[PDB]
Amino acid sequence: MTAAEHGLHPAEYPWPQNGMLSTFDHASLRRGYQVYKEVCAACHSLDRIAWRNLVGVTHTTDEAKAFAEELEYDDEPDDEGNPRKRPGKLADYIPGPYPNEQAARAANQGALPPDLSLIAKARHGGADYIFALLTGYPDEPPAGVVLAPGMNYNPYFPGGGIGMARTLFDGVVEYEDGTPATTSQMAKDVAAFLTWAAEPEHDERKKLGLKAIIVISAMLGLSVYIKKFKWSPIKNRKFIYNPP
Amino acid sequence: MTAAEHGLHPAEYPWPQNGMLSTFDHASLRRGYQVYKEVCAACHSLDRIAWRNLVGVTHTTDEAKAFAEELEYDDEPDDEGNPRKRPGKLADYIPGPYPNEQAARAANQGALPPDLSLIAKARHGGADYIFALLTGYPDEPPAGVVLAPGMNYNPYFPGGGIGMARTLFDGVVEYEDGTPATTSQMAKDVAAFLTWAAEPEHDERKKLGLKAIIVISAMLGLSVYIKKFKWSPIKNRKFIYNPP
Amino acid sequence: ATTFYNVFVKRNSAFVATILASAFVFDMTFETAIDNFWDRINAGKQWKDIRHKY
Amino acid sequence: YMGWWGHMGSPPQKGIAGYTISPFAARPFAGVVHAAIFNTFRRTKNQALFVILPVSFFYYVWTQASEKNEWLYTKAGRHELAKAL
Amino acid sequence: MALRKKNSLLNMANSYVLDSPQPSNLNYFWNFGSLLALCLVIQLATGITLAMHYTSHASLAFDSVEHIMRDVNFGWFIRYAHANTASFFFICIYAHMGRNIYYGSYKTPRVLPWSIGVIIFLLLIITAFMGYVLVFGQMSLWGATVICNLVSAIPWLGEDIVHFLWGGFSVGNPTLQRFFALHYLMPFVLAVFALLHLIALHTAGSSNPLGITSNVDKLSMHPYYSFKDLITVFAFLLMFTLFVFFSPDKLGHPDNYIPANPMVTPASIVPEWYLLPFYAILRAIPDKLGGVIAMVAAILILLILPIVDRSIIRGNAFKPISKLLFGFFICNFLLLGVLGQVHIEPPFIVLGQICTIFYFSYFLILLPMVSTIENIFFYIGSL
Amino acid sequence: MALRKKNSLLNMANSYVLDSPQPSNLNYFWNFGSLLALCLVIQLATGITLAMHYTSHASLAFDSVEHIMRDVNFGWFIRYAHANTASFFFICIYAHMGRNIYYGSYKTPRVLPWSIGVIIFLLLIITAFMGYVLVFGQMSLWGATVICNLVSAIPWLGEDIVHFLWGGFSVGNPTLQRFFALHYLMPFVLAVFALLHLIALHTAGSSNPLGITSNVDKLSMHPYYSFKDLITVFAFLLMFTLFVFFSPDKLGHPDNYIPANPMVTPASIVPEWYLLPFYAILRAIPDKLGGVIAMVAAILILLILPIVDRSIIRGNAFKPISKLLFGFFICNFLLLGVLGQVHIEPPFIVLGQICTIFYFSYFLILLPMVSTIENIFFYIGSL
Ligand code: HEC
Ligand code: HEC
Ligand code: HEM
Ligand code: HEM
Ligand code: HEM
Ligand code: HEM
């Protein structure tokens, strides 16, 4: 295939979580949630994440309950069987911007903005792809590219023509921790956040792996000693043959 | 327990479908659908039956499509993602009178009229129980029975106090086949219809059973001949013993 | 050192008891040791490190 | 074709005397350094060709094919691609 | 040498189903073993088929069973076949255990096949209990609730174990999905144990109704017992046919056609008919934990038959007193079954306790006494 | 006599895992058998566990896998363990088949274990294909679509058979539920065949790397191969750990994290990596039916190795030319694997065909020729 049809492959950036012993930077995760909430959530859902998932990752229990309680969710019908709404609870999932696919496509000139809960696992490149894509809109498409109407040129997207316009510009977010909200900073944070969303076990998984590696390594070393020990009678065996 | 707490056990009526070789009377089934539609459907759903299930049992394809097309069902959203209705198709299930349990209970002084798709299997007695219950409202409760408010006395119902009032009265239905719509006739028809609804395979099942009984009987007879044939050398064996 | 063999190793019942008691101790101490190690190499990154702001 | 202990199906053995020592009496890692270096080098040297020849050939084949394929789908390779289809 | 003997794989088959030397006088009660194998095969075939149409999620489970009944071609047959064969499996297993007890199949040298058999019986109970839950009707749910609450009796950890079984704080979706997985698995485990008890038996060979050695007079398994097994296969299939085609719900509880409702409690929560005797034994003991122990002990006590039967003679064919005692034991086991489904009311409360005492005293008192006395009567009686 | 020999059940275990006489010179490539058994055990344990949390209905399946990843305690581990072990299962099975081909384990007297092994290999492929579909991501759906459409090639009945497999007119809910049931079952069938091939092997005993008889010098399976098997178990677990804990998605296709969408077709539909060589063989033949036959023949042709190997010597340890030919065969099989995942473009089209011709010509031409020639060289060479 042409390189265009594949998309340019994203650079390997040194994410804090790259590295066998490295967790996510939770401060970056928190910043990234704020980017999701103020920019991406206009078009993209995060349906597999519940408010409770943020607790003790990015937010305290209280902050997350506050986020839940601001929204209205469908309750069980009342006693006359009429529909009712209730305020959100931590068990509720973060609600999407559109009620269905058709509404989503209508608002985006036919393109359907994917749910972002898994997008870091669902594209080759992961965090790097999300970072490259958000930051990789050139001012002008390379001369000779014909964009379909409502498409934007982005070399990292396969085919080049992406239905999502550039959305991160310096200072679209005001971070609550005083970090300068540059395009690059926001893309890094949101890409980290989405990576966490796709694999929330990441931190625990790598710690258990460290324990496993250590125990299994020691057992492997000992199994070699024990094998050699038990086999030495066979390896050391000597013969004397006297033809009869 | 007291007999009251159990409910009076319904008589064994001679249903056309009782009998190893007997089908439902389909004319009765059709009449019974008309009773369901004009009396019971006000309160009771039949959610497991689709329009297509009536075809070639009680109604032709055309009659059933006519029934489906009179109703509105939820379609897929339109292109602006707004909800839409469509006319019914044969694949659609017969729709219920109430949107949820709460609405059902509110309309029935707290009692929830059960779905009737399985009610013939779900009560001891089956057709006989449904027939006995519909026809078994006495004019006056036996002296000394205290009914809870909104309950009606019916001895066949366990405890005696049933939230469903008497509903079949002579001529509430006008049958399309000219059969006199007496309380007993309507109860018999609707009870037959509900029995069909619970076990729609009934007719086919009994015919295949007849074939199975015949084949398996013949195989059993032959297996006895063959066993005796093959065993005769062992059964017929004779010994002569001469102590050595 | 004969003494050590005689007490902990000679009887298999004693040897298996020793192994399981050692596994208990190892399991508890290794858990604690890795926890501390993990927190040092991932310093300022984890929720416990930023939680104090809230 | 194989028996069991005591009647394994060996031709009769006579006159082979077999000697060995207890695992507790031996050094399990005796001469490990010599083996790990010299013995492994000997065994690897003797098998090297049988691995290197097929690997190098099929890697070269793949390299040539992947490079041609890449080149055909450039601007420069437009004409050669048109002929190849 | 013939191929069926030469080739190791064929020879294993040969040793079990063809050249296997059997006593020449096995009566029809030796046919339950093959019927149980037939039930196991029917259950695997129908079960795996239902699994292709059933959905384990609690929101869909009951409806998936209705879908099988109504929409799937011959779904009604496969469902009823599976449900009814579960009943026949227990009729045949009780018959098989009855045969074994009457004819002293549990005595040396057959203690091991007997003891593995007791485990097969426990696995069958677990399998059938979990399968019943999968329908997720009212009896499914309430039966799971009350049976799993028995584990709450285990001291100290009981409550924690129940929450662990349920995967939750009540019977619900997690419980249903795990029972699906285990119900699928358990029949394969059961098949392995069934095979083990046969392999164990193959060292002694089958017992026979006289209780003497058959080493003197053997018959190949095929063709003689092959063709004799066909008769009961066709008799079984006739009984199967009458239930599955003509009365598919005679052995069923109507309440299982009402979807599970954790709020409404059904009138009477009873297990499936084949577990009823154990349920009666449980009710007999007033203490919760006592009841559970008694119920388990009612099965595990079968393991002591090899010890408590003191007879020098194998089986009951020639023992008039043992035959009478056995008759009473069997009828009492049936009475326990009946008392398992009555209401906890006078006078059945006291009666249930008396039957439970009779059940245990058979193993612990009467069989050891009667078998000792008959030994003496045979010796003095033949002098 | 010792209990492990006296008791029939223990003696069967004893004969396989303890007193089993093994050649005293098995090298590390004889350890794949036990690794495959370990994979099979891991897959059973993790698989049955996933089944407790997975929902087979197409409306819920993908979400149930997300629920396992996100909500179930250690669900992430059990899911990744199951998914990665499926890859390791194929690495080990190819290694095991490679060992068998190199050392002539397929020659008399071991044709039967070899031939049963070829069936095990087919069942593993079917098991792993169905398991992949259960996720119901994009690759799940599109892979099922394309692979099940191959059956459309069967003349006359093909279309009807595909609709029969699907239970429908496209891959959807009925297909998913049936694959769940069968994917659960197939590993037990696979375990039975694995056991059969061992029983078949036990008549000849294991081959050894010299290809001579080991009847002269045997070693008990335990403790020597028990402790030697531990080394590869721990080496395997280290490799397992690095994948499952540190790179759980290295062997995966990202597209399987997008829910199945019958509208959107993924860029490239390729099977899981371990099926790729067969996929390359299929693409090589232009005819639809031809392609399918070739793909099946690529597996079934292994059954003719016992015939086409004309050597008087078992295995390749002493056959320089056969070793070179084997090296080229293995590397070609890997090239086929690579060409299975490239796009159908020049120059890979022609290359794929040449590799496919080389694949078949190994069995049909080169091995018979080379083995005949080496026979002559050994005889003339040693005169
Ligand atoms: C107002 C619209 C809009 C906003 C704001 C928006 N997106 Fe999107 N996004 C889209 C649409 C539409 C697509 C689908 C593009 C297509 O398929 O052509 C999309 C696609 C994506 C994709 C996947 C592209 C692919 O490979 O399929 C990612 C990742 C993404 N968006 C992330 C984000 C992040 C991160 C933000 C903001 C921080 C963001 N989006 C803001 C509309 C938006
Ligand atoms: C306007 C209300 C209403 C009408 C009309 C009605 N029902 Fe009912 N029905 C109920 C209610 C309420 C219950 C629940 C009674 C209770 O649980 O106390 C019920 C219960 C039943 C039951 C089951 C009783 C049980 O055992 O749980 C059957 C069967 C039944 N109805 C059938 C019918 C049939 C057949 C008709 C008419 C041909 C009918 N119903 C008409 C309200 C109605
Ligand atoms: C799936 C359930 C079972 C199957 C398929 C099965 C099958 C068989 C078969 C085929 C035989 C040999 C023929 C026969 O005597 O009928 C047999 C014998 C036996 N079974 Fe079972 N069985 C099962 C369950 C049980 C149970 C639950 C027990 C005991 C509690 C048991 C104990 C025995 C004994 C003791 C024998 C030897 C009897 C004898 O021949 O004297 N089995 N079984
Ligand atoms: C000993 C073997 C088995 C026994 C005794 C058994 C028993 C049962 C029972 C009693 C039920 C309740 C039936 C009902 O009332 O509807 C049931 C349901 C079920 N069983 Fe089994 N079963 C067995 C084997 C299997 C196997 C191997 C499967 C394979 C998956 C299976 C799958 C099912 C399914 C899916 C249901 C639920 C659908 C239904 O209720 O019909 N069963 N089983
Ligand atoms: C689940 C898959 C399998 C398992 C668990 C398994 C297991 C084993 C085990 C334990 C042995 C004995 C020890 C060894 O040589 O490694 C063995 C030997 C053998 N297996 Fe497998 N095997 C499997 C699949 C296969 C397949 C796919 C084949 C052939 C295509 C095969 C053919 C053989 C042969 C021919 C032997 C005898 C080799 C010899 O010792 O010389 N097996 N297998
Ligand atoms: C030889 C044994 C087995 C192999 C090779 C195998 C292979 C696979 C594969 C490749 C998948 C796709 C995994 C993914 O990417 O997520 C899978 C999924 C699955 N397998 Fe298996 N499997 C085996 C045994 C079993 C068994 C015994 C069960 C018991 C039910 C089972 C249950 C499942 C379930 C529920 C899934 C779907 C959940 C998931 O994707 O993780 N597997 N299997």
# chains A, B, ... in the order shown; residues from 1 in each chain; ligands from 1

call {"tool": "interface_residues", "arguments": {"of": "chain E", "to": "chain B", "cutoff": "6 Å", "atoms": "only C-alpha atoms", "output": "list in words"}}
result
residues 227, 228, 231, 234, 245, 254, 255 and 257 of chain E

call {"tool": "write_last_selection", "arguments": {"atoms": "N, CA, C and O atoms", "output": "PDB file, in the first residue's frame"}}
result
ATOM      1  N   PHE E 227     -26.729 -57.306  23.548  1.00  0.00           N
ATOM      2  CA  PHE E 227     -28.094 -57.443  23.084  1.00  0.00           C
ATOM      3  C   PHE E 227     -29.054 -57.410  24.254  1.00  0.00           C
ATOM      4  O   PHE E 227     -30.202 -57.032  24.060  1.00  0.00           O
ATOM      5  N   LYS E 228     -28.588 -57.790  25.445  1.00  0.00           N
ATOM      6  CA  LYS E 228     -29.461 -57.699  26.602  1.00  0.00           C
ATOM      7  C   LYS E 228     -29.639 -56.239  27.003  1.00  0.00           C
ATOM      8  O   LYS E 228     -30.706 -55.874  27.487  1.00  0.00           O
ATOM      9  N   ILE E 231     -32.489 -54.310  25.192  1.00  0.00           N
ATOM     10  CA  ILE E 231     -33.857 -54.402  25.661  1.00  0.00           C
ATOM     11  C   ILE E 231     -34.135 -53.260  26.623  1.00  0.00           C
ATOM     12  O   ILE E 231     -35.165 -52.619  26.506  1.00  0.00           O
ATOM     13  N   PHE E 234     -34.374 -49.838  24.832  1.00  0.00           N
ATOM     14  CA  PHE E 234     -35.668 -49.566  24.222  1.00  0.00           C
ATOM     15  C   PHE E 234     -36.770 -49.414  25.261  1.00  0.00           C
ATOM     16  O   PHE E 234     -37.692 -48.645  25.039  1.00  0.00           O
ATOM     17  N   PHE E 245     -42.703 -36.588  25.106  1.00  0.00           N
ATOM     18  CA  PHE E 245     -43.635 -36.195  24.064  1.00  0.00           C
ATOM     19  C   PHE E 245     -45.044 -35.967  24.585  1.00  0.00           C
ATOM     20  O   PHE E 245     -45.774 -35.159  24.009  1.00  0.00           O
ATOM     21  N   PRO E 254     -44.383 -26.041  38.388  1.00  0.00           N
ATOM     22  CA  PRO E 254     -44.927 -24.935  37.612  1.00  0.00           C
ATOM     23  C   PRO E 254     -44.270 -23.601  37.909  1.00  0.00           C
ATOM     24  O   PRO E 254     -44.251 -22.729  37.049  1.00  0.00           O
ATOM     25  N   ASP E 255     -43.781 -23.454  39.138  1.00  0.00           N
ATOM     26  CA  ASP E 255     -43.277 -22.168  39.563  1.00  0.00           C
ATOM     27  C   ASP E 255     -42.029 -21.820  38.772  1.00  0.00           C
ATOM     28  O   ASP E 255     -41.633 -20.665  38.722  1.00  0.00           O
ATOM     29  N   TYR E 257     -41.884 -21.740  35.736  1.00  0.00           N
ATOM     30  CA  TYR E 257     -42.254 -21.025  34.531  1.00  0.00           C
ATOM     31  C   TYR E 257     -42.626 -19.593  34.852  1.00  0.00           C
ATOM     32  O   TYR E 257     -43.120 -18.869  33.997  1.00  0.00           O
TER      33      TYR E 257
END

call {"tool": "residues_near_ligand", "arguments": {"ligand": "ligand 2", "cutoff": "8 Å", "atoms": "only C-alpha atoms and all ligand atoms", "output": "number ranges by chain"}}
result
B: 35-36, 38-44, 105, 108-114, 116, 119-120, 123, 129-130, 133-134, 151, 157-158, 161-168, 186-187, 190-191, 194

call {"tool": "interface_residues", "arguments": {"of": "chain A", "to": "chain D", "cutoff": "7 Å", "atoms": "only C-alpha atoms", "output": "ChimeraX atom specification"}}
result
/A:1-2,228-230,232-233,236-244

call {"tool": "write_last_selection", "arguments": {"atoms": "C-alpha atoms", "output": "compact mmCIF listing (two decimals), in the first residue's frame"}}
result
# COMPACT_ATOMS: atom_id res chain seq x y z
CA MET A 1 0.00 0.00 0.00
CA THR A 2 0.98 3.65 -0.30
CA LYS A 228 21.93 -30.76 38.01
CA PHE A 229 22.07 -32.16 41.51
CA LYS A 230 19.61 -34.97 40.80
CA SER A 232 24.70 -35.96 38.47
CA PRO A 233 24.58 -39.81 38.98
CA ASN A 236 28.80 -38.92 35.89
CA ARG A 237 28.20 -42.60 35.06
CA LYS A 238 31.25 -44.49 33.82
CA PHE A 239 31.53 -47.85 32.04
CA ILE A 240 34.03 -50.67 31.78
CA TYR A 241 33.40 -53.11 28.98
CA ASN A 242 35.06 -56.51 28.84
CA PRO A 243 33.88 -58.39 25.73
CA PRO A 244 32.71 -61.86 27.02

call {"tool": "closest_residue", "arguments": {"among": "F:360, F:121, F:180, F:377", "to": "chain E", "atoms": "only C-alpha atoms"}}
result
F:180

call {"tool": "closest_residue", "arguments": {"among": "A:132, A:106, A:46, A:173", "to": "chain B", "atoms": "only C-alpha atoms"}}
result
A:106

call {"tool": "residues_near_ligand", "arguments": {"ligand": "ligand 6", "cutoff": "6 Å", "atoms": "only C-alpha atoms and all ligand atoms", "output": "PyMOL selection string"}}
result
chain F and resi 40+43-44+47-48+50-51+54+65+79+83+86+124+127-128+131-132+134-135+184+187

call {"tool": "select_by_dssp", "arguments": {"residues": "segment 99-306 of chain E", "states": "helix (DSSP H, G or I)", "output": "number ranges by chain"}}
result
E: 99-102, 111-133, 138-153, 158-166, 173-201, 221-246, 254-257, 273-284, 288-306

call {"tool": "residues_around", "arguments": {"residues": "residue 88 of chain A", "least_positions_apart": "4", "cutoff": "10 Å", "atoms": "only C-alpha atoms", "output": "ChimeraX atom specification"}}
result
/A:51,65-75,92-95

call {"tool": "interface_residues", "arguments": {"of": "chain B", "to": "chain A", "cutoff": "6 Å", "atoms": "only C-alpha atoms", "output": "PyMOL selection string"}}
result
chain B and resi 79-81+102-103+106
